[PDB]
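Here the structure is laid out as structure tokens; the discussion comes afterwards.
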Amino acid sequence: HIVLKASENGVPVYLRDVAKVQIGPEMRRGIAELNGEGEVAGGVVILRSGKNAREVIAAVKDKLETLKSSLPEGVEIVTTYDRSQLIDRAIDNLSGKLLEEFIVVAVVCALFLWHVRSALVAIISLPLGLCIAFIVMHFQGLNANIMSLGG
Amino acid sequence: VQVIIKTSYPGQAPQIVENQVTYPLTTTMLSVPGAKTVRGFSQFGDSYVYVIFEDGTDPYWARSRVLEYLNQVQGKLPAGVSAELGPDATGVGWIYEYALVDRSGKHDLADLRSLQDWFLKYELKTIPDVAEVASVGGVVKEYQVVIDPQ
Amino acid sequence: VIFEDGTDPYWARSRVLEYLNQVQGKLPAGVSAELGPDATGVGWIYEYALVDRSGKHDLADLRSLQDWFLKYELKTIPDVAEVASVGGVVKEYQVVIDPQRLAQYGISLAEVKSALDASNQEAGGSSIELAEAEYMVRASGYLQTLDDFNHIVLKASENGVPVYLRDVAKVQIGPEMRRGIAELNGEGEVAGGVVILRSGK
Amino acid sequence: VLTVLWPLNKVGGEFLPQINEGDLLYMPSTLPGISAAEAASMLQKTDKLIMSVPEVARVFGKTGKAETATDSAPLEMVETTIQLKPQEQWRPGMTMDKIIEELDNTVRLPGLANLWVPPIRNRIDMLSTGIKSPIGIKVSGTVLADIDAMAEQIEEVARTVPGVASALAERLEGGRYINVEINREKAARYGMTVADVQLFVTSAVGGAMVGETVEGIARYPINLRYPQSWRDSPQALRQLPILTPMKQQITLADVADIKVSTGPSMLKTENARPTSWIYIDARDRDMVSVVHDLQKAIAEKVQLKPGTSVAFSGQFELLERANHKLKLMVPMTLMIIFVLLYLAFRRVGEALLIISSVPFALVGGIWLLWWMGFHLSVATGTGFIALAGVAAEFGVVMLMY
Amino acid sequence: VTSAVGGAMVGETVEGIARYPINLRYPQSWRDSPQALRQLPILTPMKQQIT
Amino acid sequence: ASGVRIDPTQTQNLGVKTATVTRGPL
Amino acid sequence: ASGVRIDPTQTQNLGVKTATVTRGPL
Amino acid sequence: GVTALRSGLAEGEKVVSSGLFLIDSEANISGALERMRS
Amino acid sequence: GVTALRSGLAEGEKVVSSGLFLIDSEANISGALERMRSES
């Protein structure tokens, strides 16, 4: 009923008289496909350069629970990429290695120091040497990563 | 450190986007304090300018710098067009990515894109350290007035 | 705007910018407050004149050489804030209207202006798929020949006999209004260029 | 010392070891002019093949860009995010390199250059050099025709090289055009300005947005357009109906010539110089050897044109930067190690004895790298600098007794 | 005043990277002097020929 | 040289909005 | 040898269709 | 909002309610439908 | 939907109508297109 023209009579000519008004798709600028069995609509969370991914992803995963109730019936959010999963694996790997070395060093610095108190000296040289580093990083701004832990 | 400058020049050919938007934009961003390299993308109606800053440059200094240069270049651009400042992140910032699917059929591509654009995007962007929640794929509902020439 | 001693140069700028924002509206409709270069008059470092003694090139040709070649070959140099063109002639497409032809053809100055304003742009028809390829529909429409000016349509009878810009105007290539003049050794006008250094480099 | 001269001339060189992320990205390159409709089909076909591999759990294909400035991808370019199953679910002898092999062997279509890279790795490489692939060649100049010619030669020699799996250079003018060359004189006859005629190109033929509906927080585009039938093809465009201002019924061909042409697809500039990037994919060899071979093949079988420059960006560019910083870094570490010995024992003759005990710890590492089957890299490089200070620490606790 | 007498810019040609000003104006003869300005020809909307 | 085949035709298994042909009046 | 060979599994995966040239009025 | 058909379908047939399956800006409708059969 | 040729082919000959782009691309890269032109 967008008016285009009207006679003195009062008989108007509407947009419907020269056009069909339909609901269609806009020009796609990007297409997303899932598992090779359907086109889908997706969303990607983008982190502010220099901030913490792991920290952010948790807030995201939790907010999504708050919304599972608010979501339309039948709507499913299937995750297609999660940088959080690699982080956990990477930090558990360096942690594990840090534990193995410690113990393997202890056992070794305990088979050349045949007294237990002697071994427990070179041993308590690590949990302390650790703390000082971690305490330092907090004054520096160095979070924990395979590279900061690798050192 | 990377600051993006996206300019839209609707309907204009790549070669025209370059001559009137991108090129004039990259040449001024090159002479920006701390600029190492500048990459330009001239597409059909789009102009992406990527400004890379040298090592040890304060990220927010670089931004506040590009902004002032944008001001003294806005006039050197075609009437309609305006140089937009990109998000505070980069391609690397792509952290968590998901797909929206309704297997029953109750909702379609358009409905889901709307769900994303007008619900999820705003439920997530309010999260700290998140710079942008971009919609990928889907259909944008369009009111198509199709004219009969006859 | 002069800042007090020991003021961070880039602080001062980022400060002026935010103030410009909260004043842009207090200005007349058309006008926009532009931010100057990162340098000052002192930044004038290297200055040269452009001269062709054979005659092959003139003031206009040289100004163009400066504006559209040298300016861009130099500004890409680090610590250089601006390469300003000094003197020379800016080529101008001068549509000189005969007031009498306006009356004789029943065409008003306003009509001429509007016609011009519709005869100088390109347009995209999006794309169309052929052989699984994307074909960008591009529509010409830029002025680029004097003849193009001459054929700016002003009026057309039912007959199909049109009245062109050429019918009420002469379209000539002339000089723009000089805002600055440069003279060398007192024996000729020339087009020059001055390199301006970023304050503090 | 003369024994280390063998493992040395037997190891490869990379920038960094290939860190394995839980998943990886499929990027496949192709010629400039593909259509969104076809490219999107290319995507699904490609995804179905990826998902056909037992190791992958999810596939998220993406042609074009996502709504963000952090994505300037054409609808012709494809990023798919492949998610690999937990490592404790891979088939028997399956390894990362072995998975990628079945992927690059299974997923392949004509005229489509495969490229497989870990996400984070790729995202960083592009932000550094721009190249999505590990090995990149940058052809530059000011004549698109010339630089395209160059990239094309360099392209085909790259695939003759032993360890290369795929090599494609993006063309700078493989774009297809349908030109509506408007005729002022013809149009004037109907009392139409260039702008008048153009409205049919932007709205009748193209579907230019005209306004937006306001629906609460949201907005949706509104547009005018003829039915597709009238704009199907060139010939269709030549008979595109136009109702002139003077109510005359004409066709678009009555005021314009429509010519198909070829020109720029997308103008890529780097520091204001046009450029074409050749994406090379080699994963069987070590990097440095491949590029060193590319540099030869390219040098001998391709004669540079005046304005054309060829360069090797990518990770190799990052490597060369680091090496110039390391070779200037050894003396630093060798004069600092020199003085902390010059101080502890004070003897000039004595200290030169200890610091000269580290060329023995170097041969130790190199032999281990080779046996472990490793490559020289900033990774191993760091190991030797750290290792040096230990052979110099030891060097003192043997001179102490 | 802006276009007939003065030579106000009306648009610009787009020539590659470059741009050049376009303008409308009467020949200098009609705008030589004050008296000239007083006889500056004006074709009114109603096609009346005035000064 | 994998002979692994895929169905080229399009696919939509992630849900489809459907309506059935009704006989009724305008 | 003019032309180009392509693995029949790829073309089949691509979903290559073909049409036979004929003569007649348009 | 509902179109009547003169012929083409049979009462009861299933039909998807979307032209939202072929990209507006030019998926060649004829060839875009072709891709859905074989 | 159909186009008529003034010349260039022969009734009976087969011509690809689907998957044309990628195939022509491959024929373009493999030098076929250039070989096609150097022959005439």
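Going through the structure tokens in order, the chains are called A, B, and so on, while each chain numbers its residues from 1 and the ligands are numbered from 1 in the order shown.
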Against chain G, which residues of chain D fall within 7 Å? For each one I want the closest pair of atoms and the distance in Å (one decimal), counting only C-alpha atoms, rows by chain and increasing residue number, as CSV.
residue,atom,partner,partner_atom,distance
D:108,CA,G:10,CA,6.7
D:109,CA,G:10,CA,5.3
D:110,CA,G:10,CA,6.8
Strand (DSSP E) positions in chain G, given as a ChimeraX atom specification: /G:17-20
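The residue that comes closest to residue 95 of chain B, out of D:370, D:97, D:123, D:146 and on the basis of only C-alpha atoms, is D:123.
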How close does each residue of chain B get to chain D, giving the shortest atom pair and distance in Å to one decimal for every residue with an atom at most 6 Å away, counting only C-alpha atoms, sorted by chain and residue number, as a tab-separated table?
residue	atom	partner	partner_atom	distance
B:37	CA	D:271	CA	5.9
B:38	CA	D:271	CA	5.1
B:39	CA	D:270	CA	4.6
B:40	CA	D:269	CA	4.7
B:41	CA	D:268	CA	5.1
B:42	CA	D:267	CA	4.9
B:43	CA	D:266	CA	5.1
B:86	CA	D:69	CA	5.6
B:90	CA	D:70	CA	5.6
B:91	CA	D:70	CA	5.4
B:92	CA	D:123	CA	5.0
B:134	CA	D:67	CA	5.2
B:135	CA	D:67	CA	5.4
B:136	CA	D:66	CA	4.3
B:142	CA	D:221	CA	5.1
B:143	CA	D:222	CA	4.7
B:144	CA	D:223	CA	5.3
B:145	CA	D:224	CA	4.9
B:146	CA	D:225	CA	4.9
B:147	CA	D:226	CA	4.9
Contact residues (chain C, partner chain H, 7 Å, only C-alpha atoms) as a list in words: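 Result, ordered by chain then number: residues 127, 128 and 129 of chain C.
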Requested write-out: N, CA, C and O atoms of the selected residues, as a PDB file, in the first residue's frame:
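This went into selection.pdb:
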ATOM      1  N   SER C 127      26.415  -8.657  -9.676  1.00  0.00           N
ATOM      2  CA  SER C 127      27.021  -9.664 -10.531  1.00  0.00           C
ATOM      3  C   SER C 127      25.953 -10.582 -11.099  1.00  0.00           C
ATOM      4  O   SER C 127      24.805 -10.564 -10.658  1.00  0.00           O
ATOM      5  N   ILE C 128      26.336 -11.376 -12.091  1.00  0.00           N
ATOM      6  CA  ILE C 128      25.440 -12.375 -12.658  1.00  0.00           C
ATOM      7  C   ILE C 128      26.205 -13.637 -13.055  1.00  0.00           C
ATOM      8  O   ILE C 128      27.282 -13.568 -13.647  1.00  0.00           O
ATOM      9  N   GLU C 129      25.638 -14.788 -12.709  1.00  0.00           N
ATOM     10  CA  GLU C 129      26.322 -16.068 -12.858  1.00  0.00           C
ATOM     11  C   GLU C 129      26.265 -16.616 -14.282  1.00  0.00           C
ATOM     12  O   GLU C 129      25.190 -16.892 -14.817  1.00  0.00           O
TER      13      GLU C 129
END
DSSP helix (DSSP H, G or I) selection over chain G, as a list in words: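 Those in chain G that DSSP calls helix (DSSP H, G or I) are residues 8, 9, 10, 11, 12, 13 and 14 of chain G.
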Chain G contacts on chain H, only C-alpha atoms, 12 Å, as a ChimeraX atom specification: /H:31,34-38
How about saving the chosen residues, C-alpha atoms kept, as a PDB file, in the first residue's frame?
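That gives us selection30.pdb:
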ATOM      1  CA  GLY H  31      21.066 -23.996 -12.429  1.00  0.00           C
ATOM      2  CA  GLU H  34      19.618 -28.441 -10.938  1.00  0.00           C
ATOM      3  CA  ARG H  35      22.267 -28.888  -8.237  1.00  0.00           C
ATOM      4  CA  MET H  36      19.618 -30.497  -6.022  1.00  0.00           C
ATOM      5  CA  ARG H  37      18.974 -33.515  -8.255  1.00  0.00           C
ATOM      6  CA  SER H  38      20.736 -36.287 -10.192  1.00  0.00           C
TER       7      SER H  38
END
Residue neighbourhood residue 3 of chain D, 12 Å, only C-alpha atoms, exclusion window fewer than 3 positions, as a PyMOL selection string: chain D and resi 6-9+359-360+362-364+366-367
Residues of chain C within 7 Å of chain I, only C-alpha atoms counted, as a PyMOL selection string: chain C and resi 131-133
Wanna dump the chain D-chain I contacts at 7 Å for me, each residue with its shortest atom pair and the distance in Å to one decimal, counting only C-alpha atoms, ordered by chain and number, as CSV?
residue,atom,partner,partner_atom,distance
D:31,CA,I:25,CA,6.6
D:34,CA,I:21,CA,6.9
D:110,CA,I:26,CA,5.6
D:111,CA,I:26,CA,4.1
Restricted to C-alpha atoms, what would the selected residues look like written as a PDB file, in the first residue's frame?
ATOM      1  CA  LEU D  31      41.354 -19.154  -9.951  1.00  0.00           C
ATOM      2  CA  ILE D  34      34.384 -18.484  -9.323  1.00  0.00           C
ATOM      3  CA  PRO D 110      40.100 -30.207 -10.418  1.00  0.00           C
ATOM      4  CA  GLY D 111      41.617 -26.714 -10.436  1.00  0.00           C
TER       5      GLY D 111
END
Interface residues on chain A facing chain H, 8 Å, only C-alpha atoms, written as number ranges by chain: A: 24-28
Counting only C-alpha atoms, which residues of chain D fall within 6 Å of chain C, and what is the closest atom pair for each with its distance in Å at one decimal, ordered by chain and rising number, as a Markdown table?
| residue | atom | partner | partner_atom | distance |
| --- | --- | --- | --- | --- |
| D:33 | CA | C:133 | CA | 5.4 |
| D:34 | CA | C:133 | CA | 4.6 |
| D:35 | CA | C:134 | CA | 4.5 |
| D:38 | CA | C:132 | CA | 5.7 |
| D:176 | CA | C:135 | CA | 4.9 |
| D:177 | CA | C:136 | CA | 4.6 |
| D:178 | CA | C:137 | CA | 4.6 |
| D:179 | CA | C:138 | CA | 4.9 |
| D:180 | CA | C:139 | CA | 4.4 |
| D:181 | CA | C:140 | CA | 5.2 |
| D:188 | CA | C:153 | CA | 5.2 |
| D:189 | CA | C:160 | CA | 4.7 |
| D:191 | CA | C:156 | CA | 5.0 |
| D:194 | CA | C:119 | CA | 5.1 |
| D:195 | CA | C:118 | CA | 5.1 |
| D:201 | CA | C:125 | CA | 4.6 |
| D:202 | CA | C:125 | CA | 4.6 |
| D:205 | CA | C:125 | CA | 5.7 |
| D:206 | CA | C:125 | CA | 4.0 |
How would the residues just chosen look if you wrote them out with N, CA, C and O atoms as a compact mmCIF listing (two decimals), in the first residue's frame?
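Heads up, here's the output in part14.txt:
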# COMPACT_ATOMS: atom_id res chain seq x y z
N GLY D 33 37.75 -16.10 -10.79
CA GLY D 33 36.37 -15.78 -11.14
C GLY D 33 35.23 -16.69 -10.70
O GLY D 33 34.14 -16.58 -11.26
N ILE D 34 35.44 -17.55 -9.72
CA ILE D 34 34.38 -18.48 -9.32
C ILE D 34 33.16 -17.76 -8.75
O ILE D 34 33.29 -16.69 -8.16
N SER D 35 31.99 -18.35 -8.96
CA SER D 35 30.73 -17.77 -8.50
C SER D 35 30.34 -18.33 -7.14
O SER D 35 30.56 -19.50 -6.86
N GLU D 38 28.56 -21.69 -7.15
CA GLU D 38 29.42 -22.84 -7.41
C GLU D 38 30.41 -23.06 -6.28
O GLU D 38 30.66 -24.20 -5.87
N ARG D 176 35.82 -11.25 -14.17
CA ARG D 176 34.93 -11.15 -15.32
C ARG D 176 33.94 -10.00 -15.16
O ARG D 176 33.38 -9.80 -14.09
N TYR D 177 33.74 -9.26 -16.24
CA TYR D 177 32.88 -8.09 -16.22
C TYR D 177 31.82 -8.13 -17.31
O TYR D 177 32.04 -8.62 -18.42
N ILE D 178 30.65 -7.60 -16.98
CA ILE D 178 29.64 -7.27 -17.98
C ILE D 178 29.50 -5.76 -17.97
O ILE D 178 28.96 -5.19 -17.03
N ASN D 179 30.02 -5.12 -19.00
CA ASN D 179 30.06 -3.67 -19.05
C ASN D 179 28.81 -3.06 -19.69
O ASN D 179 28.39 -3.49 -20.76
N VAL D 180 28.23 -2.08 -19.02
CA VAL D 180 27.12 -1.32 -19.59
C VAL D 180 27.65 0.03 -20.04
O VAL D 180 27.55 1.02 -19.31
N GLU D 181 28.23 0.06 -21.24
CA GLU D 181 28.84 1.28 -21.76
C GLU D 181 27.78 2.24 -22.27
O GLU D 181 27.40 2.21 -23.44
N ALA D 188 20.40 10.76 -24.43
CA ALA D 188 19.92 12.14 -24.52
C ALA D 188 18.66 12.24 -25.37
O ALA D 188 17.77 13.05 -25.11
N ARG D 189 18.60 11.39 -26.40
CA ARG D 189 17.48 11.38 -27.33
C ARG D 189 16.17 11.13 -26.59
O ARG D 189 15.12 11.63 -26.98
N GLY D 191 15.79 11.96 -23.46
CA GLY D 191 15.80 12.90 -22.35
C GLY D 191 16.32 12.30 -21.05
O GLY D 191 15.88 12.67 -19.96
N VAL D 194 22.98 10.19 -17.77
CA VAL D 194 23.71 8.99 -17.42
C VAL D 194 23.16 8.40 -16.12
O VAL D 194 22.93 7.19 -16.03
N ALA D 195 22.92 9.25 -15.14
CA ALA D 195 22.37 8.82 -13.86
C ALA D 195 21.02 8.13 -14.06
O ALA D 195 20.73 7.10 -13.44
N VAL D 201 20.72 -0.15 -13.80
CA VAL D 201 21.83 -1.05 -13.55
C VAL D 201 21.91 -1.38 -12.06
O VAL D 201 22.09 -2.53 -11.68
N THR D 202 21.76 -0.36 -11.22
CA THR D 202 21.86 -0.54 -9.78
C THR D 202 20.63 -1.17 -9.14
O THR D 202 20.75 -1.95 -8.19
N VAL D 205 18.56 -4.20 -12.61
CA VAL D 205 19.41 -5.37 -12.83
C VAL D 205 20.05 -5.85 -11.53
O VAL D 205 19.78 -6.96 -11.07
N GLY D 206 20.91 -5.01 -10.94
CA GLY D 206 21.44 -5.29 -9.62
C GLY D 206 20.34 -5.09 -8.60
O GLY D 206 19.30 -4.52 -8.91
Test item: residues at most 12 Å from residue 17 of chain E, only C-alpha atoms, excluding those fewer than 5 positions along its chain, as a list in words: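 Here the qualifying residues turn out to be residues 15, 16, 17, 18, 19, 20, 21, 22, 23, 24, 25, 27, 76 and 77 of chain B; 64, 67, 68, 69, 71 and 72 of chain C.
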Residues just named, written with C-alpha atoms as a PDB file, in the first residue's frame:
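New file again_17.pdb:
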ATOM      1  CA  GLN B  15      39.840  -0.496  -9.869  1.00  0.00           C
ATOM      2  CA  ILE B  16      37.760   2.486  -8.754  1.00  0.00           C
ATOM      3  CA  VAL B  17      37.820   1.402  -5.113  1.00  0.00           C
ATOM      4  CA  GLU B  18      41.610   1.338  -5.357  1.00  0.00           C
ATOM      5  CA  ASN B  19      42.037   4.715  -7.045  1.00  0.00           C
ATOM      6  CA  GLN B  20      39.583   6.667  -4.893  1.00  0.00           C
ATOM      7  CA  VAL B  21      39.533   4.880  -1.529  1.00  0.00           C
ATOM      8  CA  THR B  22      42.226   2.258  -0.886  1.00  0.00           C
ATOM      9  CA  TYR B  23      45.299   3.820  -2.509  1.00  0.00           C
ATOM     10  CA  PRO B  24      44.710   7.279  -1.018  1.00  0.00           C
ATOM     11  CA  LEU B  25      44.180   5.476   2.287  1.00  0.00           C
ATOM     12  CA  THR B  27      49.630   6.076   1.213  1.00  0.00           C
ATOM     13  CA  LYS B  76      39.916  13.049   0.460  1.00  0.00           C
ATOM     14  CA  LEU B  77      37.360  10.259   0.012  1.00  0.00           C
TER      15      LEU B  77
ATOM     16  CA  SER C  64      49.926  17.231 -12.181  1.00  0.00           C
ATOM     17  CA  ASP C  67      50.276  16.243  -7.345  1.00  0.00           C
ATOM     18  CA  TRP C  68      49.919  12.730  -8.717  1.00  0.00           C
ATOM     19  CA  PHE C  69      53.413  11.258  -8.948  1.00  0.00           C
ATOM     20  CA  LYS C  71      53.715  13.601  -3.855  1.00  0.00           C
ATOM     21  CA  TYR C  72      53.168   9.843  -3.618  1.00  0.00           C
TER      22      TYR C  72
END
Atomic separation - atom CA of residue 156 of chain D relative to atom CA of residue 98 of chain D, Å: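 So the two atoms, atom CA of residue 98 of chain D and atom CA of residue 156 of chain D, lie 26.5 Å apart.
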Selection: 6 Å around residue 5 of chain B, only C-alpha atoms, excl. self and same-chain fewer than 2 positions, as a list in words: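 Using only C-alpha atoms, the neighbours found are residues 48, 49, 84, 85 and 86 of chain B.
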Near-residue 71 of chain B list (8 Å; only C-alpha atoms; drop same-chain fewer than 4 positions) as a PyMOL selection string: (chain B and resi 67+75) or (chain C and resi 34-35)
Can you write out as a Markdown table which residues of chain E fall within 10 Å of chain B, alongside each residue's closest atom pair and its distance in Å to one decimal, counting only C-alpha atoms and ordering rows by chain and ascending residue number?
| residue | atom | partner | partner_atom | distance |
| --- | --- | --- | --- | --- |
| E:14 | CA | B:20 | CA | 8.4 |
| E:15 | CA | B:19 | CA | 8.8 |
| E:16 | CA | B:19 | CA | 5.8 |
| E:17 | CA | B:19 | CA | 4.6 |
| E:18 | CA | B:19 | CA | 8.0 |
| E:19 | CA | B:20 | CA | 9.2 |
Grab the residues selected above and save them as a CSV table (one decimal), in the first residue's frame with N, CA and C atoms.
chain,number,residue,atom,x,y,z
E,14,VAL,N,37.0,12.3,-12.4
E,14,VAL,CA,37.8,11.2,-11.8
E,14,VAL,C,38.8,10.6,-12.8
E,15,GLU,N,40.0,10.9,-12.7
E,15,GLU,CA,41.0,10.4,-13.7
E,15,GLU,C,42.1,9.5,-13.1
E,16,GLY,N,41.8,8.3,-12.9
E,16,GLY,CA,42.7,7.4,-12.2
E,16,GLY,C,42.8,7.8,-10.7
E,17,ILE,N,44.0,7.9,-10.3
E,17,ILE,CA,44.3,8.3,-8.9
E,17,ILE,C,43.9,9.8,-8.7
E,18,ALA,N,43.9,10.6,-9.8
E,18,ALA,CA,43.8,12.0,-9.7
E,18,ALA,C,42.3,12.5,-9.9
E,19,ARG,N,42.1,13.8,-9.5
E,19,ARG,CA,40.9,14.5,-9.6
E,19,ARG,C,41.1,15.9,-10.1
